[PDB]
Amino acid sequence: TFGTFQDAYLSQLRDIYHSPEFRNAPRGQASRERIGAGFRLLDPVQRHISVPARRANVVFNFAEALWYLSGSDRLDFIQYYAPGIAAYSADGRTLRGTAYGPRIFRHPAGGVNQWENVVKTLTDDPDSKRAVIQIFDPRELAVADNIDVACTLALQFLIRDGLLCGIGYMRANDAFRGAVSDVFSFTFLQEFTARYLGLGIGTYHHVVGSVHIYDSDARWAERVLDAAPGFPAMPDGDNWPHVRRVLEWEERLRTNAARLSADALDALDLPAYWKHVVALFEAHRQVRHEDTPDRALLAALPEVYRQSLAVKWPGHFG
């Protein structure tokens, strides 16, 4: 049990690095591995990694989470934030097991909106043990040479003592890279669902069949291990309308069809929390489309976001 994700993250990293149960190479990828590893987070909202050596990218974090909420399988959206992700796209325009959006909101086994069913289930029976969103699909193993098989099995939500608790079940997780965005996204969905239901946030449990550090990340992992402000709360109630507007801005900014000044960002008809997210996308637009870094944009952000930007793009925001 840990207070924040960062504590759990570093502890797990040091477990796998120092005492791997196995060294092997699934699909030719040499790794240090532990089996059946998990942890419990007391404050899932504190979901960010702030160790400068890790250079955690809060823009990608929100982008992935919102990509999931959009229900999209499209590569163009997500690869703009994570260029290496195209390696998992067979067709060069969609992602398959990597795209959790369709798994949540239109699962290929029946075309089911599981999020809605979870909400209904917990509304009809608050104590329910059945409120599960399945991610993995039985057909992913049926075809050979599949380059993108879902590594998350399911996400479960439970209301306990008036608080929404979350559990992520994974068959496999990159403990150094992927875990950072996976735990961010799962706890983001947990918080989002809690606000929708009018509940407080409980604990988050993470459990994984194979947790591993790829040997190709060993140097960077070592640098993070040698190294050594609060994440803001999402506003109460139904955030879908705000998410819809944020997604409109995301696309306009990503395609460089529009740009927002510090004053224009503050003028947006959005809660402060979501204004800052759009601000992250404007900052990312400045990077990607080589536009002038706005220091006034930077100064208005929550400190956690300022730090992430300054460390990730020090030439722009340092």
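In this text, residue numbers run from 1 along the sequence as written.
- Where the other entries of this protein model the residues before and after it, residue 228 is dropped from at least a third of them.
- Modelling of residue 18 is complete across the other compared entries in which both of its neighbours are modelled; not even a third of them leave it out.
- Unmodelled residues of the deposited sequence between neighbouring positions residue 228 and residue 229 number 4 to 9.
- As the entry records it, the average C-alpha temperature factor is higher for 298-306, out of 298-306 and 19-27.
- In this crystal structure, the stretch out of 197-205 and 150-158 whose C-alpha atoms carry the higher mean B factor is 197-205.
- In the PDB entry, the Cα temperature factor peaks, among 97, 84, 101, 168, at 84.
- Of the candidates 191, 91, 127, 182, the one whose C-alpha carries the top B factor in the deposited record is 91.
- The PDB entry assigns residue 284 a C-alpha temperature factor belonging to the lowest third of its chain's modelled residues.
- Placement of the Cα temperature factor of residue 163 within the chain: middle third of the modelled residues, per the deposited record.
- When all modelled residues of the chain are sorted by CA temperature factor, residue 134 is found within the lowest third.
- For residue 143, the recorded CA B-factor ranks within the highest third of the chain. Only modelled residues enter the ranking.
- Among the modelled residues of its chain, residue 32 has a C-alpha B-factor that falls in the lowest third, as given in the PDB entry.
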